[PDB]
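As structure tokens, the structure follows; a few thoughts come after it.
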Amino acid sequence: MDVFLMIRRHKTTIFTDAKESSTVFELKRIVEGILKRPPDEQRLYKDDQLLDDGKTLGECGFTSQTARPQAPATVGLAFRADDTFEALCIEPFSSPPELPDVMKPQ
Amino acid sequence: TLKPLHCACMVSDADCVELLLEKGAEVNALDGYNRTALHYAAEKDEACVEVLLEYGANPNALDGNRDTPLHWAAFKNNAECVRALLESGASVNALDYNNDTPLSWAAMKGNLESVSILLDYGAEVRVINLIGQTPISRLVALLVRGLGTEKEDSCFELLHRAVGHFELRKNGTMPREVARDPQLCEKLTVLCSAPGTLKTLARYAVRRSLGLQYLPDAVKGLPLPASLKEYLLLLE
Amino acid sequence: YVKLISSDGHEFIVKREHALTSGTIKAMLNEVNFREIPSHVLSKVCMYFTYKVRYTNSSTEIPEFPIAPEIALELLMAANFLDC
Amino acid sequence: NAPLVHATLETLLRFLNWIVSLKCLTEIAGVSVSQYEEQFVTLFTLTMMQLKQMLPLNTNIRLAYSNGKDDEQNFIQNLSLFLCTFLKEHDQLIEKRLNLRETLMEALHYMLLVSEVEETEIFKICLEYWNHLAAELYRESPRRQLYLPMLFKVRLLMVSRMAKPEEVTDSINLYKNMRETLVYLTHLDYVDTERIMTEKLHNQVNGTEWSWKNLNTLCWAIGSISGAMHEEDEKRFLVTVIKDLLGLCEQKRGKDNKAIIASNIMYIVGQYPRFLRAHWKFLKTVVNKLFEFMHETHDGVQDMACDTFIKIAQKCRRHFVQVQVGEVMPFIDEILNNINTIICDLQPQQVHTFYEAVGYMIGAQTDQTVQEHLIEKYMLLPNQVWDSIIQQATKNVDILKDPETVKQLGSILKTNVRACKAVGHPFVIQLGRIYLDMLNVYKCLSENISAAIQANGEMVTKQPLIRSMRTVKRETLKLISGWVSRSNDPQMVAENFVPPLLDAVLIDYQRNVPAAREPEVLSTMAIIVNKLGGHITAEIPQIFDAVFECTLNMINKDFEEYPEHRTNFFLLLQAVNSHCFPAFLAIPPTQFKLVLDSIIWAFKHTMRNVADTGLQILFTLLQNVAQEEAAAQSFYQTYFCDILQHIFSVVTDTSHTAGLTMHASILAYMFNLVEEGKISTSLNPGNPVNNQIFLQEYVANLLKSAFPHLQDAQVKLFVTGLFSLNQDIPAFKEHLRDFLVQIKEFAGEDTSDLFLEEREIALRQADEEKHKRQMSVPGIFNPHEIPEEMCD
Ligand SMILES: *[C@@H](CC(=O)OC(C)C)n1cnc(-c2cc(OC)cc(C(F)(F)F)c2)n1
């Protein structure tokens, strides 16, 4: 029914929502709304896989159970520049600090 | 049906049990009812409990139904006895034949001192017995019975803060006995509906990670502000 | 759309209403910047905001928030700084 | 020789009353003489020393008695008797002798262990001694310092051996003594006894000593102490006990174990109305749990649930009608809404119990209209069933011959009777709703039973159908009697209910066969006349015409034929003679003569109650007739001599010692009445003569006939003294008693029977003093018997 996503690029992240029946085109249009870069200059990548605009989101690797709000499914985003698509540069989040000894599992 | 140590603990005389163990009495010997002298000591007096533990007694000695002495100490509300047992190496998550952890019994009776002491040692509030009564469910039933005073209300507050989040509804319906108390039903519905503040969830995760330790001592080692330490110890 | 910045360079953009869940955010509130929150903690916080708005006033069972032990402490500190 | 020595010892035992070894010592302390204090002290010391020499206290004397033969068993029994008697009479002597404190300690230690023995005689003696001790110590407010370290064992024994309460003869007395001792002991120390009950209940939860008998005795001990503690301590203790028992119910498994636990808790909550009253929410939960229980299959739990529901309804009537905190509508409305489902699977007696409880609950609705609607809903189901029956009868009258229909009507009317008993006057609406059809069905059933008797005879009265219809008529009359006794509008009853009631009842009573006449008719007429003092005065003559003529003959011949009919007839006659005396004069004189004959018979035969009622009716008739001059002279000249002679005749026989005071009273009244000339005519119709002198000579002749052996002078002086003292009732009675004593002495006969009348009254006053003394200490009387509802 409801799918919760996470669009990322370099150090930028976007939180949104959609529907399984919804196509990739409307997700691209939301990308426009937040970033204002024409859709033809935007291509979405899931775990290093290309996504088609006309292909429905539901038939893609996303489901309500798979994309619960507490664990959204990351989606790669790349900006097309000077008539070519940039590399899928995704910046991983900072590593968590080392676990303190007292809290360490016994 | 009981050895002299059992009777000495029944009368709750620490001196008699001490002098009896000084000559080498079999402390862990079982009696007819499948009880151990520690079970009797843990129902009456803390001094007897300490004296008995001084001689290598098993704080996990299982009774006929696997009710460890901690279970009886909690049920009787002997806060000092419960503290003495737990500090001595008792299993704060010990399960009897019905999977009734001592916290479940203490909540069932509703007493507060024992529940606080247990939670200080890391008792798991999410424990479910075989029938399916969480400590919070039993305490809420007791409150619905109308026997709940400010003590029981404070105990419920402690449990609710510790559990992090609890959902009493059966599917979409609350238990029948709750449904007949409209104001308490409203309070429980509002408490259950809310997802819960992020801070409480994080506190519960930290407590679970620290579990099975004297939490105040453990948290003292953490680098957080003293306010957040008090928050972790369920002071807010 | 609200814009959030972590202590280290990371831009989190969430929907306006969701960011309003935090009292500190609402009091502060176009661009909100943080000097202490690391990126992973902030992503967890955004997850929490989405979860909170989604499951508020729910009737069915409420799924539990998954917190890894290592980030639990930092997440608690961040939530305490905020008002959620 | 030895046999002669034993015979001499037995003779000494026999003669000690007026002038087996322990028996001689047992009666020594019974002298009750303050002198010889040092002696009495000395005897105790030597006896117990020898006892200890031949029987140390360390011995488990319980087992010795269990295995001991008769010779030693009697030894311990007499030992206990002597110790208990001497202590009850001389414990004060020993206690002040601090030099012999060890003697008292050993004596009480012996006392504690002997009570362990289970045989009823020894335990009863020990319980009597313990109750006396508890009463004595409580009388201080000094002395408890002497026994306080040992009183604990007394509490353990008392709670341990608690008898069966009559809410779950020798048993009654044992229970009363147990309760009094227990309440005294708890009044001595609340903390220790509360701790003891809590410890025993825990041990029951602990798994040790789980025997059902232990649970039941502990719960009886807890329940019987109701009201002995202050409010707050009661709250705490009862909360702890409820918690522990609920914990037991979950722990234990098996309907057999569940059922026993349920009965215990229902009994405990049945007591302590105060606590249940203060905690509204707990009361609601309790009532809901009872409603759930009523569908329970096990009979004992269900019956106990209904009984406890009665107990709760009686002491908490108000709370169910007022709107309580946190509630929208009063709980009575909720209960009335779900009445159909709750009562299901209850036996008819249980349904009557439940409706009686509800009626008690509706009786607190002070607001008129609210109570009106509450009652209209309350009787909705019984009334609709009744209307269905009435409609079916209207279609055809034959539906009254169905045993099922008659049984159902009896059930409905029994429910109505219980409802009227609980509610009271406001019930008139329902009674006003079903009254007409009630009397119509009464008439139809009476006609049918009459036809059955006529066709068959008096044997058919045993048939189930006939006895069921008689039950229906009995219930109708009981309902009317209850309402009228509880009614408060004399004019309304005199106007609406009386005429149809008389029409339906009186003629049928006269016409039926003697075996098919219900004394409830007489009871109801007595009730209605007693209430409506004057308004019934118009209809009295037909009542006496239809009822009195037939009933009188039915009773006089045999004194054991209809015990109830005679009592109800005498009650009716007394009530009419007390509240409608002007009616008699309007009656033809033959009926008055019949009434006088019946009254004369009433005090002739030896039945005590009948004699008392007859004498009272005669005295009241003498008092009342003095206010009607027109017929007073005729009544005097006709019956005065006859009644007077009959009174001597019964008195001369001395067969009614209890009524002798009444005999003297009426004799003095008659002597005074004739003395002052109110007679207004000569006692001899054929010739004038001094009425006083005629009375003197007549009584002298009658006494001579009764006692020919007596001389003229004695009779003359006796009558002279008696007639003079007519103005003083005590002096008249004293003179009559002295004369009778002199007659008995002349005949050489005992006169104790005369004195029994005085000492029975004396011991009645003693019993009243004992009763009121108990009321001083709270808790000796159980809450559901004291007449204190507190309107809350
Ligand atoms: C346990 C289950 C039960 O009712 O078993 C019977 C055999 C059906 N149990 C026993 N008695 C109670 C109980 C609980 C109450 O809670 C307030 C109140 C009562 C009451 F009868 F005294 F009202 C009884 N539960």
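Please note: Cβ atoms are built from the backbone with ideal geometry, for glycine as well, and neighbour counts cover all protein chains shown. A short reminder: the numbers here are calculations on the coordinates, not readings from a lab.
Can you tally the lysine pairs in segment B:126-236 where the Cα-Cα distance is under 28 Å and the two residues are eight or more apart, or on different chains?
The result is 10.
Based on the inverse mean of 1/r over its pairs of different Cα atoms, what is the Kirkwood hydrodynamic radius of segment B:59-232, in Å?
16.8
Give D:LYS176/D:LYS243; B:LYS3/D:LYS153; D:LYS23/D:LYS153 a once-over and call out the pairs whose C-alpha atoms are over 26 Å from each other.
D:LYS176/D:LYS243; D:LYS23/D:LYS153
Quick one: order C:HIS18, D:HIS132 by neighbouring beta-carbon count within 10 Å, fewest to most.
By the 10 Å Cβ count, ascending: D:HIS132, C:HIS18.
If we count every other residue with Cβ under 13 angstrom of A:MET1's Cβ, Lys/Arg +1 and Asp/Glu -1, where does the sum land?
0
If you average 1/r over all unlike Cα pairs in chain D and invert the result, what Kirkwood radius do you get in angstrom?
Evaluated on chain D, it is 32.6 Å.
For D:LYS531, give me every one of the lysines with a C-alpha distance below 19 angstrom, ignoring sequence neighbours fewer than eight places off in its own chain.
Filter leaves D:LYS421, D:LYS478.
Please work out the C-alpha center-to-center distance from segment D:363-405 to segment D:105-149 and express it in whole Å.
That distance is 59 Å.
Return the Rg/Rh value of chain A, two decimal places, where both radii are evaluated on C-alpha atoms and Rh is the Kirkwood radius.
1.07
Taking the convex hull of the Cα atoms, report for chain C its projected area averaged over all directions, in nm².
5.5
Of the listed peptides D:197-207, D:174-184, D:67-77, what is their order by residue-averaged count of other C-beta atoms within 10 Å, with the highest listed first?
By packing density, highest mean first, the sequence is D:174-184, D:197-207, D:67-77.
Can you give the relative contact order of segment D:400-530 as a percent, counting alpha carbon pairs under 8 Å and 6+ residues apart?
36
Less than 12 Å Cβ to Cβ from A:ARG43, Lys/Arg counted +1 and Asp/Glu -1: what total charge do the surrounding residues give?
After counting each charged neighbour, the total is 0.
Around A:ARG80, under 10 Å between beta carbons, what's the net of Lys plus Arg minus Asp minus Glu among the other residues?
Taking every Cβ under 10 Å from that of A:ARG80, the sum is -3.
Give me the distance between the Cα centres of segment D:226-241 and segment D:497-573, rounded to whole Å.
Using only Cα atoms, the two centres lie 53 Å from each other.
So, in segment A:2-94, how many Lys pairs have Cα atoms under 20 Å apart, if the pair is 8 or more places apart or on different chains?
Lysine pairs meeting both conditions in segment A:2-94 amount to 10.
Where the convex hull is taken over the Cα atoms of segment D:314-390, what is its projected area averaged over directions, in nm²?
Projected over every direction and averaged, the Cα hull of segment D:314-390 covers 6.0 nm².
With θ set to phi - 60° and the Karplus curve 6.51 cos²θ - 1.76 cosθ + 1.60, what are the ³J(HN,Hα) couplings of segment D:760-777 in order, to the nearest whole Hz, using x for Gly and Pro?
Per-residue couplings from phi come out as 5, 5, 4, 6, 5, 5, 4, 5, 4, 4, 4, 4, 5, 4, 5, 4, 4, 7 Hz.
How would you order D:384-394, D:278-288 from highest to lowest mean count of nearby Cβ atoms within 10 Å?
D:278-288, D:384-394
Residues of C:54-64, mean number of Cβ from any other protein chain within 10 Å of their own Cβ, rounded to a whole number?
Partner Cβ neighbours, averaged per residue: 6.
Three principal axis extents, largest first, for the C-alpha atoms of the protein assembly as shown, in Å?
The Cα atoms of the protein assembly as shown stretch 161, 94, 54 Å along the principal axes, largest first.
Post the alpha-carbon centroid distance, segment B:1-21 to segment D:724-741, in whole angstrom.
A separation of 79 Å, based on Cα centres.
I need the helices of chain B that pass two filters: whole DSSP H segments spanning 30 Å or more by Cα along the axis, and mean Kyte-Doolittle score no lower than 1.0.
In chain B, no H run is both long and hydrophobic enough.
Would you kindly derive the ³J(HN,Hα) couplings of segment D:182-187 from the backbone phi angles with the Karplus curve 6.51 cos²θ - 1.76 cosθ + 1.60 (θ = phi - 60°), listing them in order in whole Hz, with x for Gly and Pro?
3J(HN,Hα) across segment D:182-187, in whole Hz: 5, 5, 4, 5, 5, 4.
How many Å³ per residue does the convex hull of the Cα positions in segment D:428-570 occupy?
Per residue, the Cα convex hull of segment D:428-570 comes to 106 Å³.
If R0 is 41 Å, what FRET efficiency do you get for B:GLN183 and D:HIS132 from their C-beta distance, rounded to 0.05?
After rounding to 0.05, the efficiency reads 0.15.
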